[PDB]
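As stored in target08.txt (compact mmCIF, N, CA and C atoms):
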# COMPACT_ATOMS: atom_id res chain seq x y z
N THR A 146 6.07 -14.44 51.59
CA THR A 146 5.91 -14.17 53.01
C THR A 146 7.25 -14.29 53.73
N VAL A 147 7.45 -13.45 54.73
CA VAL A 147 8.66 -13.48 55.54
C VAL A 147 8.29 -13.96 56.93
N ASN A 148 8.51 -15.24 57.20
CA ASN A 148 8.08 -15.84 58.46
C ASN A 148 9.09 -15.50 59.55
N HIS A 149 8.69 -14.61 60.46
CA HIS A 149 9.47 -14.37 61.68
C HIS A 149 9.48 -15.60 62.58
N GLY A 150 8.31 -16.18 62.84
CA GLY A 150 8.10 -17.37 63.63
C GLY A 150 8.82 -17.33 64.97
N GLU A 151 9.24 -18.51 65.42
CA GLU A 151 10.01 -18.64 66.65
C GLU A 151 11.49 -18.37 66.38
N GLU A 152 12.09 -17.52 67.22
CA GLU A 152 13.50 -17.19 67.06
C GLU A 152 14.39 -18.38 67.40
N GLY A 153 14.10 -19.04 68.52
CA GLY A 153 14.88 -20.19 68.94
C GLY A 153 14.31 -21.51 68.46
N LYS A 154 14.26 -21.69 67.14
CA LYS A 154 13.71 -22.91 66.55
C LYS A 154 14.25 -23.02 65.13
N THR A 155 14.18 -24.23 64.59
CA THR A 155 14.49 -24.44 63.18
C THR A 155 13.59 -23.56 62.32
N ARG A 156 14.20 -22.87 61.36
CA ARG A 156 13.48 -21.86 60.58
C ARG A 156 12.66 -22.53 59.48
N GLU A 157 11.39 -22.15 59.38
CA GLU A 157 10.46 -22.80 58.48
C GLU A 157 10.70 -22.36 57.03
N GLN A 158 10.18 -23.17 56.11
CA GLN A 158 10.35 -22.94 54.68
C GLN A 158 9.26 -21.97 54.21
N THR A 159 9.65 -20.73 53.92
CA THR A 159 8.70 -19.70 53.54
C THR A 159 8.27 -19.86 52.08
N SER A 160 7.05 -19.42 51.79
CA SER A 160 6.52 -19.51 50.44
C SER A 160 7.26 -18.55 49.51
N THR A 161 7.52 -19.02 48.29
CA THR A 161 8.25 -18.24 47.30
C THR A 161 7.34 -17.22 46.63
N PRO A 162 7.91 -16.13 46.11
CA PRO A 162 7.08 -15.13 45.41
C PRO A 162 6.50 -15.69 44.12
N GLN A 163 5.26 -15.32 43.84
CA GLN A 163 4.57 -15.80 42.65
C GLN A 163 4.89 -14.92 41.45
N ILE A 164 4.76 -15.49 40.26
CA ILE A 164 5.03 -14.79 39.01
C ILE A 164 3.84 -14.97 38.08
N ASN A 165 3.45 -13.90 37.39
CA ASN A 165 2.42 -13.94 36.37
C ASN A 165 3.01 -13.50 35.04
N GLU A 166 2.36 -13.93 33.96
CA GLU A 166 2.80 -13.64 32.61
C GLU A 166 1.67 -13.00 31.83
N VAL A 167 2.00 -11.98 31.05
CA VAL A 167 1.02 -11.26 30.24
C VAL A 167 1.28 -11.59 28.78
N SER A 168 0.28 -12.18 28.12
CA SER A 168 0.39 -12.61 26.73
C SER A 168 -0.13 -11.49 25.84
N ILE A 169 0.75 -10.56 25.47
CA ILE A 169 0.38 -9.44 24.61
C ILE A 169 0.57 -9.90 23.17
N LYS A 170 -0.53 -10.24 22.50
CA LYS A 170 -0.47 -10.73 21.13
C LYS A 170 -0.52 -9.57 20.15
N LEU A 171 0.35 -9.61 19.15
CA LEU A 171 0.36 -8.60 18.10
C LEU A 171 -0.63 -8.97 17.00
N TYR A 172 -1.26 -7.95 16.43
CA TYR A 172 -2.21 -8.14 15.36
C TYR A 172 -2.07 -6.97 14.39
N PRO A 173 -2.30 -7.19 13.10
CA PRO A 173 -2.03 -6.13 12.11
C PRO A 173 -3.21 -5.18 11.98
N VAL A 174 -2.94 -3.89 12.15
CA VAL A 174 -3.86 -2.85 11.70
C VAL A 174 -3.37 -2.41 10.32
N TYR A 175 -4.22 -2.57 9.31
CA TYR A 175 -3.81 -2.41 7.93
C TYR A 175 -4.79 -1.52 7.18
N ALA A 176 -4.25 -0.75 6.24
CA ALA A 176 -5.03 0.06 5.33
C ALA A 176 -4.64 -0.29 3.90
N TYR A 177 -5.65 -0.48 3.06
CA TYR A 177 -5.45 -0.92 1.68
C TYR A 177 -6.29 -0.07 0.73
N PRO A 178 -5.99 1.22 0.62
CA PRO A 178 -6.70 2.06 -0.37
C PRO A 178 -6.23 1.76 -1.79
N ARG A 179 -7.18 1.40 -2.65
CA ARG A 179 -6.92 1.15 -4.06
C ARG A 179 -7.05 2.47 -4.82
N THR A 180 -6.05 3.33 -4.65
CA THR A 180 -6.00 4.58 -5.38
C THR A 180 -5.79 4.30 -6.87
N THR A 181 -6.39 5.13 -7.72
CA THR A 181 -6.14 5.04 -9.15
C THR A 181 -4.90 5.84 -9.51
N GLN A 182 -4.08 5.28 -10.41
CA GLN A 182 -2.85 5.95 -10.83
C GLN A 182 -3.16 7.31 -11.45
N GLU A 183 -4.35 7.45 -12.04
CA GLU A 183 -4.78 8.71 -12.63
C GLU A 183 -4.66 9.85 -11.64
N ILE A 184 -5.23 9.68 -10.44
CA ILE A 184 -5.24 10.76 -9.46
C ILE A 184 -3.82 11.09 -9.02
N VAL A 185 -2.97 10.06 -8.89
CA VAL A 185 -1.58 10.29 -8.51
C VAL A 185 -0.89 11.18 -9.53
N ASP A 186 -1.09 10.90 -10.81
CA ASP A 186 -0.45 11.74 -11.83
C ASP A 186 -1.12 13.11 -11.93
N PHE A 187 -2.45 13.14 -11.90
CA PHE A 187 -3.20 14.34 -12.25
C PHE A 187 -3.25 15.34 -11.11
N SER A 188 -3.14 14.88 -9.87
CA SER A 188 -3.13 15.80 -8.74
C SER A 188 -1.80 16.53 -8.67
N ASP A 189 -1.87 17.81 -8.33
CA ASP A 189 -0.68 18.62 -8.12
C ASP A 189 -0.52 19.00 -6.65
N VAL A 190 -0.97 18.11 -5.77
CA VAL A 190 -0.75 18.23 -4.33
C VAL A 190 0.03 17.04 -3.77
N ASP A 191 0.48 16.12 -4.63
CA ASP A 191 1.06 14.85 -4.22
C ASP A 191 0.05 14.06 -3.40
N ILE A 192 -1.02 13.62 -4.06
CA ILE A 192 -2.15 12.99 -3.38
C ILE A 192 -1.72 11.75 -2.59
N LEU A 193 -0.62 11.11 -2.98
CA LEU A 193 -0.17 9.93 -2.22
C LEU A 193 0.39 10.32 -0.86
N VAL B 338 -2.19 16.46 -26.12
CA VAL B 338 -1.91 16.69 -24.71
C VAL B 338 -1.22 15.46 -24.14
N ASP B 339 -0.10 15.68 -23.47
CA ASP B 339 0.68 14.67 -22.77
C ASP B 339 0.74 15.04 -21.29
N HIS B 340 1.13 14.07 -20.48
CA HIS B 340 1.33 14.30 -19.06
C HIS B 340 2.80 14.56 -18.77
N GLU B 341 3.07 15.15 -17.61
CA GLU B 341 4.44 15.46 -17.23
C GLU B 341 5.28 14.19 -17.10
N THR B 342 4.69 13.13 -16.54
CA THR B 342 5.40 11.85 -16.45
C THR B 342 5.63 11.25 -17.83
N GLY B 343 4.60 11.23 -18.66
CA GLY B 343 4.75 10.69 -20.01
C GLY B 343 4.65 9.18 -20.01
N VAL B 344 5.50 8.54 -20.80
CA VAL B 344 5.53 7.08 -20.88
C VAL B 344 6.15 6.52 -19.61
N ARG B 345 5.46 5.58 -18.98
CA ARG B 345 5.98 4.90 -17.80
C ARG B 345 5.83 3.40 -18.00
N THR B 346 6.94 2.68 -17.90
CA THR B 346 7.00 1.24 -18.12
C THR B 346 7.30 0.54 -16.80
N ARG B 347 6.30 -0.13 -16.24
CA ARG B 347 6.48 -0.92 -15.03
C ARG B 347 6.37 -2.40 -15.36
N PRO B 348 7.45 -3.18 -15.22
CA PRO B 348 7.38 -4.60 -15.56
C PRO B 348 6.84 -5.46 -14.42
N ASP B 349 5.52 -5.53 -14.29
CA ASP B 349 4.92 -6.30 -13.20
C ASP B 349 5.19 -7.78 -13.42
N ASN B 350 6.08 -8.35 -12.60
CA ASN B 350 6.42 -9.76 -12.71
C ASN B 350 6.07 -10.50 -11.42
N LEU B 351 5.10 -9.97 -10.67
CA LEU B 351 4.76 -10.53 -9.37
C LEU B 351 3.34 -11.07 -9.33
N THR B 352 2.34 -10.31 -9.80
CA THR B 352 0.95 -10.70 -9.64
C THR B 352 0.67 -12.05 -10.28
N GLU B 353 1.12 -12.24 -11.52
CA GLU B 353 1.05 -13.54 -12.17
C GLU B 353 2.47 -14.07 -12.32
N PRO B 354 2.96 -14.88 -11.39
CA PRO B 354 4.33 -15.37 -11.48
C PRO B 354 4.50 -16.33 -12.65
N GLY B 355 5.72 -16.39 -13.16
CA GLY B 355 5.98 -17.02 -14.44
C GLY B 355 5.67 -16.14 -15.62
N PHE B 356 5.22 -14.92 -15.38
CA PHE B 356 4.91 -13.95 -16.42
C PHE B 356 5.52 -12.61 -16.05
N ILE B 357 5.94 -11.88 -17.07
CA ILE B 357 6.20 -10.45 -16.96
C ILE B 357 5.11 -9.77 -17.77
N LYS B 358 4.27 -9.00 -17.09
CA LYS B 358 3.28 -8.14 -17.73
C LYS B 358 3.88 -6.74 -17.73
N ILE B 359 4.36 -6.32 -18.89
CA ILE B 359 5.07 -5.06 -19.01
C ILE B 359 4.04 -3.96 -19.19
N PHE B 360 3.56 -3.40 -18.07
CA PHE B 360 2.52 -2.38 -18.12
C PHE B 360 3.17 -1.07 -18.55
N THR B 361 2.98 -0.72 -19.82
CA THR B 361 3.45 0.55 -20.34
C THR B 361 2.26 1.48 -20.50
N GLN B 362 2.34 2.67 -19.93
CA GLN B 362 1.20 3.57 -19.94
C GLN B 362 1.63 4.97 -20.32
N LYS B 363 0.77 5.63 -21.11
CA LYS B 363 0.97 7.01 -21.53
C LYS B 363 -0.38 7.69 -21.55
N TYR B 364 -0.52 8.78 -20.79
CA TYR B 364 -1.76 9.55 -20.79
C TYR B 364 -1.77 10.46 -22.01
N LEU B 365 -2.66 10.17 -22.95
CA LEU B 365 -2.75 10.88 -24.21
C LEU B 365 -4.12 11.55 -24.35
N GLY B 366 -4.12 12.75 -24.92
CA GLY B 366 -5.37 13.45 -25.16
C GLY B 366 -5.31 14.23 -26.45
N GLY B 367 -6.49 14.48 -27.01
CA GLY B 367 -6.59 15.22 -28.25
C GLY B 367 -7.89 15.97 -28.41
N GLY B 368 -7.81 17.23 -28.83
CA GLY B 368 -9.00 18.05 -28.99
C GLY B 368 -8.86 19.01 -30.14
N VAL B 369 -9.99 19.27 -30.81
CA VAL B 369 -10.05 20.21 -31.92
C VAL B 369 -10.30 21.61 -31.37
N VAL B 370 -9.22 22.35 -31.14
CA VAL B 370 -9.30 23.72 -30.67
C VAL B 370 -9.30 24.64 -31.88
N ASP B 371 -10.22 25.60 -31.91
CA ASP B 371 -10.33 26.51 -33.04
C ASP B 371 -10.55 25.72 -34.32
N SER B 372 -11.73 25.10 -34.45
CA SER B 372 -12.01 24.25 -35.59
C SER B 372 -11.89 25.00 -36.92
N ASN B 373 -12.00 26.32 -36.89
CA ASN B 373 -11.84 27.10 -38.12
C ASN B 373 -10.45 26.94 -38.72
N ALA B 374 -9.49 26.45 -37.95
CA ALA B 374 -8.14 26.22 -38.44
C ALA B 374 -7.98 24.90 -39.19
N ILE B 375 -8.99 24.03 -39.18
CA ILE B 375 -8.91 22.72 -39.82
C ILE B 375 -10.10 22.55 -40.75
N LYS B 376 -9.87 21.86 -41.86
CA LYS B 376 -10.89 21.59 -42.87
C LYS B 376 -10.76 20.13 -43.30
N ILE B 377 -11.90 19.53 -43.66
CA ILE B 377 -11.97 18.12 -44.02
C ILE B 377 -12.51 18.01 -45.44
N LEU B 378 -12.13 16.94 -46.13
CA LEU B 378 -12.52 16.72 -47.52
C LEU B 378 -12.79 15.23 -47.71
N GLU B 379 -14.06 14.85 -47.82
CA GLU B 379 -14.44 13.46 -48.05
C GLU B 379 -14.52 13.22 -49.55
N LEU B 380 -13.62 12.38 -50.06
CA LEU B 380 -13.61 12.07 -51.48
C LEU B 380 -14.85 11.25 -51.85
N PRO B 381 -15.33 11.36 -53.09
CA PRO B 381 -16.56 10.65 -53.47
C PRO B 381 -16.42 9.13 -53.47
N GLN B 382 -15.20 8.59 -53.49
CA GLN B 382 -14.91 7.16 -53.46
C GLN B 382 -15.35 6.47 -54.75
N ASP B 383 -15.86 7.22 -55.72
CA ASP B 383 -16.36 6.68 -56.99
C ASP B 383 -17.51 5.70 -56.76
Please lay out the structure from this file as structure tokens.
Amino acid sequence: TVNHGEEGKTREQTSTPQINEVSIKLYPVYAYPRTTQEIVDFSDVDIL
Amino acid sequence: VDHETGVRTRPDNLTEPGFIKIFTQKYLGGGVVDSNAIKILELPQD
């Protein structure tokens, strides 16, 4: 707040700006396909 | 019949530590094509 108040008076102590904090927690999105080595070798499209 | 990769030797030394499991793999195949080209002879064995 910006206190205009009385011009001809001791100037009052204005409230300070507030601060907030956002706790953005990281978490793993994971994929674990158990492909068989057979398909990797036998496919001719590069299945991996 | 063989694969294009052939023999592949992967020394897995991680899954069971204190061990090297030397996974050697070869895709092998065999088939009797045109059986008229092959003949068998079973001996009587006495």
**OP:** Have a look at A:152, A:186, A:191, A:157 and name the one nearest to chain B; count only C-alpha atoms.
**Re:** A:186
**OP:** Could you jot down the atom C of residue B:363 to atom N of residue A:187 separation for me, Å, one decimal place?
**Re:**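 Separating atom C of residue B:363 from atom N of residue A:187 is a distance of 11.3 Å.
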Enclosing box along x, y and z for every listed atom of stretch 368-375 of chain B, padded 5 Å each side, centre and size in Å, one decimal, as lines of an AutoDock Vina configuration file:
center_x = -9.9
center_y = 22.2
center_z = -34.8
size_x = 14.2
size_y = 19.9
size_z = 21.9
**OP:** To one decimal in Å, tell me the separation between atom N of residue B:351 and atom N of residue A:188.
**Re:**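 According to the coordinates, atom N of residue B:351 and atom N of residue A:188 are separated by 26.2 Å.
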Subject >> Interface, chain B side, toward chain A (8 Å; only N, CA and C atoms) as a list in words >> reply: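 Only these qualify: residues 340, 341 and 342 of chain B.
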**OP:** Tell me which protein, DNA and RNA residues are within 12 Å of residue B:366, counting only C-alpha atoms, leaving out same-chain ones fewer than 6 positions away, and put them as a PyMOL selection string.
**Re:** chain B and resi 338-340+343
Subject >> Atom pair atom N of residue B:354 / atom N of residue A:177: separation (Å) >> reply: 22.1 Å
**OP:** Within 8 Å of residue B:344, counting only C-alpha atoms, which residues show up once you throw out same-chain ones fewer than 3 positions away? Write them as a PyMOL selection string, please.
**Re:** chain B and resi 361-364
Restricting it to N, CA and C atoms, dump the selection as a PDB file, in the coordinates of the input.
ATOM      1  N   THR B 361       2.980  -0.720 -19.820  1.00  0.00           N
ATOM      2  CA  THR B 361       3.450   0.550 -20.340  1.00  0.00           C
ATOM      3  C   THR B 361       2.260   1.480 -20.500  1.00  0.00           C
ATOM      4  N   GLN B 362       2.340   2.670 -19.930  1.00  0.00           N
ATOM      5  CA  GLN B 362       1.200   3.570 -19.940  1.00  0.00           C
ATOM      6  C   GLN B 362       1.630   4.970 -20.320  1.00  0.00           C
ATOM      7  N   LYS B 363       0.770   5.630 -21.110  1.00  0.00           N
ATOM      8  CA  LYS B 363       0.970   7.010 -21.530  1.00  0.00           C
ATOM      9  C   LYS B 363      -0.380   7.690 -21.550  1.00  0.00           C
ATOM     10  N   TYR B 364      -0.520   8.780 -20.790  1.00  0.00           N
ATOM     11  CA  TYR B 364      -1.760   9.550 -20.790  1.00  0.00           C
ATOM     12  C   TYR B 364      -1.770  10.460 -22.010  1.00  0.00           C
TER      13      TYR B 364
END
